[PDB]
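Following: one structure in structure tokens, then a few remarks.
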Number of protein chains: 4
Amino acid sequence: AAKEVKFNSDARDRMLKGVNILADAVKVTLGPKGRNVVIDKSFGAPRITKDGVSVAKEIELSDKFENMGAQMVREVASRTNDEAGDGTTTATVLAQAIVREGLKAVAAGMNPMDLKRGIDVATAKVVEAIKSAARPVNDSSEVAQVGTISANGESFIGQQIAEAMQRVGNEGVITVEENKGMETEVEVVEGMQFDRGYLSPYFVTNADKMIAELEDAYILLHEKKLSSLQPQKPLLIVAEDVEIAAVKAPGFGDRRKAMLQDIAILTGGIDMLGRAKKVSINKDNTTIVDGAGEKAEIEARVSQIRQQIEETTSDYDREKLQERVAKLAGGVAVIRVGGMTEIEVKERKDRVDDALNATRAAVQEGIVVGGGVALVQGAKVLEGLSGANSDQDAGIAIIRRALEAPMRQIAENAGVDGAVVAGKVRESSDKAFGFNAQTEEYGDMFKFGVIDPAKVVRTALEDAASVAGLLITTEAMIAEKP
Amino acid sequence: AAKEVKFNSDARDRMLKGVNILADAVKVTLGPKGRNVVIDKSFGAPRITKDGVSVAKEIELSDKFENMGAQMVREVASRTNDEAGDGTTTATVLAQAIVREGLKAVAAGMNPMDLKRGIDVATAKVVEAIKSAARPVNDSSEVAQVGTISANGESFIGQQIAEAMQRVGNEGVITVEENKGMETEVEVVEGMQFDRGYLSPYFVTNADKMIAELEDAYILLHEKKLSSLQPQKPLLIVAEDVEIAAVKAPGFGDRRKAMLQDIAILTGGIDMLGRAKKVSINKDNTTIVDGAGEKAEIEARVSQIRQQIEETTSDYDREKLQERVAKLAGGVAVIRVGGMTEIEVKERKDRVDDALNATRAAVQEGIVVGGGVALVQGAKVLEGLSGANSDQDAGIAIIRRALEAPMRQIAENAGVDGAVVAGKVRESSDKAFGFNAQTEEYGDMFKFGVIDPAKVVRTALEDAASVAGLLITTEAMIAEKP
Amino acid sequence: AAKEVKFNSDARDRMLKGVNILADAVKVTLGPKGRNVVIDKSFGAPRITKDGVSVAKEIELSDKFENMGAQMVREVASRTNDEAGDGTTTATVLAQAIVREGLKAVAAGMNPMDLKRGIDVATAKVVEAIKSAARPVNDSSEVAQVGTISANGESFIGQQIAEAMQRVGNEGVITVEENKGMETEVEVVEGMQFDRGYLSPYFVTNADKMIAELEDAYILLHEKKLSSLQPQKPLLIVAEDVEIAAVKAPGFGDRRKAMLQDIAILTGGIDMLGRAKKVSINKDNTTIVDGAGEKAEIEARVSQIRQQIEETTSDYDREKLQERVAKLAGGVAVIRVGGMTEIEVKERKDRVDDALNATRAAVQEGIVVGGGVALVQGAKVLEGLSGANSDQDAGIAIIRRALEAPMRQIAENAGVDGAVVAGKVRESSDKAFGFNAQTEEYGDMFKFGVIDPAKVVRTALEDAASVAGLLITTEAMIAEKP
Amino acid sequence: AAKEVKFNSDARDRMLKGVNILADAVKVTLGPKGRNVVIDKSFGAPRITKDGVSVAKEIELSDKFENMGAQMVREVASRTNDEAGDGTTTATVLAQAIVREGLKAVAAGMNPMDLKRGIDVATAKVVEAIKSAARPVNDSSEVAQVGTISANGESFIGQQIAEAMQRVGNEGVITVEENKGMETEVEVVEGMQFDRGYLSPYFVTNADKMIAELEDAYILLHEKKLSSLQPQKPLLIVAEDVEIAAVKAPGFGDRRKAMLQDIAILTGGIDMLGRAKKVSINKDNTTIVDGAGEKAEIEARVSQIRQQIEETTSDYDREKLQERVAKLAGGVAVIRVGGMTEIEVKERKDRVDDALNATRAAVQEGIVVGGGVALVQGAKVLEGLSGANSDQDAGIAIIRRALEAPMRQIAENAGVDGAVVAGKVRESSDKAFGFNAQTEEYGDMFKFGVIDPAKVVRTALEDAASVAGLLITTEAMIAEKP
């Protein structure tokens, strides 16, 4: 219906308003000295939080335009949570800085498209200078050190994860779960994990995250779809689509029936159906732990695939078959958390699940100094960089400064003058020298124990500059009329 | 939907508004010279009260933000009522003082995180200096003196409680109940008392407190749950959970079935079900008085557990079994209040139940001078204490002064100049010297009969400083739009 | 929901507003020269009244706070109608005076708690000096003179009541009832009268007062309750409680079944049920006139109880049995009013019922000068009285003056200057000297025929000072938001 | 719910407003030169009237208070229509005068109670001086002259009524009814007429007045009531009450069954039920014309009662039996009006019914000069009268002047200066000298034909002063809030 079209600056000043609100509410909760954010709960007492991710979700401005600015940034920076980490809050604090400066420039006449270019270049140069400075994590002594730190010092969980990893490879398929008594173990059941999620969010039993947990469900599957539905154990349907668990079959093309088969054995597909002790479903990933099939039927498929790839001269499907075989000849580790009471097991399961997510991401691209120093350090690379024109150059300097945002903030929240903490780290020489807001001393961020998966310090920066560019190059907005 | 985000001071000044209203309405009802608070009743004449706990519940401000300030303080200070005492009103009067000063400081630039630190330190030092000054209560001459005082002088109830206690230990399981004629007795039936409450508040027969009273109910129990419900004596179900009485089974792990069994005999679990004359249920505690089992079946379990622990070399489960055995080899005392008419028995049952709650808490951590002097005395400890910086020091002084709040108030309400009553007690030498607002004379608070369970004068102070810290370190608030 | 909290004076000035409206509307209808109060009737012509009790009920102010002030005073002063008399209007006129002065003082700084004390003392001193000055009423010449005066001169009703009283003792159980022709008689049927009322007001057939009249009902009774209801003559159930007439069984403890039995015979408990010609029920008293049992079965119980108490060595239950026996060996007098037409019998029944209530209360504690002089006279006692301090002294003087309220009013309404009428009675010497507004002459209030049951001139004064103290010591009010 | 309480003058000025509106609208329609009052009809053209009684009913002011003033006066003055006459309009015009002056005085300080006294005295003196000046009407030459005048000169109706009266006594039971052809007759059927009306107004077939006309109904009657209703000729039930015609049985006490019997024969109580050609019911009077019983059964009862009273030595029930016998040995005359068309019979029936009502009231207390002169003449008596004080004297003078209201009005409406018409009649000597507004000449009001039943000129004056006293002594009003 009726629409309100805002053009030029009038549309930009409003986006900037919605972004600043979103960034100013989330950024107060950054670092070891974060401040709380009280959130009105429609029933009872208010929710007091420091988790910058729960704040971002609560933000919904009334003014259609201001809200669009917030909704966007908030959406992208939320994808930075694909690896679940402080990326969301950093993506946000970063976006706010770049956008703030970009529009300032745009206003002064600089060409937005160019700024967007100089912004894209400078970003790539840093997204690189970061990787080329991240210490790797492969050894079990490291994977156990990154597992502990990510658990605030729980040397017990650092080893627990290292174990599971050293049982199914640094890039396996772990699944932390609660147990009974005070006994923690790392079993390795025979299960699988597709690369697809659910069909509808309403199909989720969201307890903490959008993940559907189904104990002893009914694993069925056909090469058709779920058109007509006319035709004490949960169910799980895996097909093309729908015109209880509902997930799309794994694989594609000639690998369609094959994939359905590989898993068919894993579950054993009521007498002619597959079974599984547990089956978890997510957005774009579903795991089936403890199937039902028999090692024999499972050893056959793995044998077929082996001999299959043993004949394949195809340099392409060589991996498409060698990869589907690992989903069988690999297994599914599963840390079993246990304590005294439910107030313990359910508690440690959150710490382990939280620390096992930081490590799994630490091993992918390595680890790098935390405290928002990685960004300031990598920014050193933009020293002599130059673009095709003054405008393009501006975009580069914007990023050169935006990278100091998450650090000065973290410093300000602690009471220290971020302008100083930044200047010291800038004039630094040791690529691992920063400021530790926890104790308030400068030094080797690594020796300090202040580290961050390089995969999040990288995704945050890309995602930020991703939107900062869109916003900066937006000329008109169309919102519905009240 | 739409949200109103308040930042910095703008969000603090509002919280302070909601807290001051809540604290100013409750604190008028403090001490022996408390003033009344008239409460509009939606039907009939207004409710006139002096009970600062009934006032706190009635407070619900209209302004979303102001209400959050009140809702918080009011929530925490309500947990101080876990031991049921003047803690709620004191936690409140204290919180209001600390917060008032904290924000004042914050405003002047002092770092909130530091103030929060100096506040936390100073508090621990006092929460300690209090315990290390509380006269213990173990002897039956004491437990009967604290039982009488807590009953305004009813030497009859002081002994009544002392008896029940000297029959099931200072830390047993008493249950005051109404009788028939003018006869008071302390029987010791065979019952139990888990450490779990109900599942839903709507399941409570709230007559005065959130406690479910079930006479001759049906005690059933299985190792499953209450998923499908499809499959003249009340009922009580004890299982894992529900997907009439409903409570979660006691114990955990290998102690699950064991616990269910220990109680199974106590009730005798229709021919294959357990029974009990009375079963009370609370928030996190359920009591089963007068079961149904036979001394024989009960003497067997106690015998098994004995021989069981007699073999256990485990230095851990040694208590996990020795404790579950006491739930059987202990019994459940039960004071039987009796008078002339229902206007008597129902009256004395409230005095006994009220005095038996003050004692049961007096024996846990001892007793200490009442009248809000314990706090002012312990505050003496902060004399030379110092923090890492001026800011941290400020937090310490805030507490040094906030502790004089409940006393000056109690004095002002009586007509005496709290500034003076405080100065005298400050320059005091005898750790038991204070001011008795009842008679208006200074002296030995103990000889005076003005005492307070050290467990409440301690919980109040911790809880207050608990929120005073959260509020002081809150940077942004998010409330829904009208 | 949302609440408006008023503190200090702001809350007091509002209460005072609601009280003054209530007292100013009711007090215009005081004495022999009362003025009318027109009351809007939702249908037809307005109700013209002089009865200060019907006015008090109509008062409901719109402002939540002002209304609380009125609702309170109006509630207490309504209990003064427990003996049904001009107490309500006097309690009100008195409360208004004390409160008016109290808050005035409070405002000047005087301590409310103290004023409340000096008010309580002075009151007791007068509530006493009154009793110790009331001429007794025992003789039938007196009980018939107080019975006539209370009937505006109906010497016929003065004797009618005296008779019934001289047939069942000055403290018996009379029950005035309508007859047929112009014949008035005082029969003495065999009935009882418990000390309990009904369970629900909606169970009342309120014709004039909250009294349930049941002719030939079904008297049943068991030692259980009215839990499940599943299992041309009205019914009446008497049990513990309910989970047509419904009343709780009489007695307690071992006297439970006994009481139910004593009455069981009185009614004869369909073939195995008790019956009764008439059964009236009130708030806390139920009467059963003309039962059904036979003198024999009734003479047996009385015989058992006699021999029972004849053996009882108990100096306690000696009365608990001797009293329950009188409920049988006493009877129930019953004045039978009769006239020409229903416009007569129904008219005289109101005069007799109204005069028989003033006498029954006159014999309990005696009679004392009316016209509001008793109060002014007793106030003489406070001549030298003194409290612990100036504040306490103030409370005493407030009462010393408030007692002149109902008299000056009664005088003003008549056209006489209450300041003068008060001064004369003050300088008086004869404790029975006052002012008779009916004729406008001073003298012996007793010889004048201006008397008041000392029980109402006493209850009014206690009830007034009861609330005047609560209001004066109220610091905060909580009302719901519009 | 919420109430608005108006006190003192503020409440009086408003009542006076509602009265003045009511009196000013009605009084324009007074006398032979009355002006019309147009009344908006919710459908069609407006109703043009001169009947001051139809105007009074239409008055309903919006302001709660103003309306109370009108509703009251309007109610009382309506009872003056008990004898159906110009009393209503006169009661009103009078009330307005007294009240207007009373409040004026009250305002000046005069005591209302006294004024009310001086008003009551003076009124009695006149209500008397009137009777002691009314020519009687007993002869059929007179009863026929008052019957004609009351019919604007219809000498035909003057005799028609005289006849019916001379057939059933000057105080019999006449019932004018419509006939068929142009034939008028005065039959004397055998019927009765109790002294009771109906139970509910909704039970009325109101055609012109609240009177239920039932032709050939079913006359039933029992000594019980109409509790349970479960158990081409109309019906009529006569019992105690109800828990088609519904009326309460006649008589009382031992005369209950007797009365029901006396009428039982009159109707003959389907085979065992009483019948009657016609039965009319009113507010407090019911007539049964042309019963069904047989002269024999009727002559028996009359015979029994005769012999009954012939033995009764009772000087009391001598009339209670002699009166009930006349209800049988009397009969019920009934003028039968007839004309040419329904536009005639229905027209003359209104004139006869209207004139037969003025006569029936003229014979009760006589007749006196009309034109509002009776009042002015009787006022002469207050010449030397005096009360206990100046205030009481004022009340007397108020009445001395209010009595000239209906006359000056009647004069003003005609165009003559009421101040003059009053002065002449005042200085008059002949107690029958006045002013005839019809012709505009002074003289002998009697010879003029200007007369008024002394019963209405008396009731109007009593009723007026009745309320004028209530209003004048009203101190507070309570109306509901909008």
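Just so it is clear, chain D uses Swiss-Prot numbers, and the residues here are 2-232, 244-255, 273-298, 314-526, in order.
Per deposition record, X-ray crystallography, 3.2 Å.
For all residues, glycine too, the Cβ spot is worked out from N, Cα and C.
Per Swiss-Prot, the features are as follows:
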type	residues	note
BINDING	D:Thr30, D:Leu31, D:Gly32, D:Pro33, D:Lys51, D:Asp87, D:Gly88, D:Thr89, D:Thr90, D:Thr91, D:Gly415, D:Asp496	ATP binding site
Greatest inter-residue Cα distance in Å for the ATP-binding set D:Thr30, D:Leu31, D:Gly32, D:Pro33, D:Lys51, D:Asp87, D:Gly88, D:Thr89, D:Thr90, D:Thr91, D:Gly415, D:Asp496: 19
Greatest C-beta neighbour count within 10 angstroms, which of the binding-site residues D:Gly32, D:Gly88, D:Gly415: D:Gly88
Among D:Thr30, D:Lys51, D:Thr90, the most crowded of the binding-site residues [Cβ within 10 Å]: D:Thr90
Where D:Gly32 (ATP binding site) sits in the secondary structure, as DSSP reduces it to three classes: coil
Per DSSP, three-state class assigned to D:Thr90 (ATP binding site): helix
D:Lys51 (ATP binding site): secondary structure state under DSSP, collapsed to three categories: coil
D:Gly415 (ATP binding site): secondary structure state under DSSP, collapsed to three categories: coil
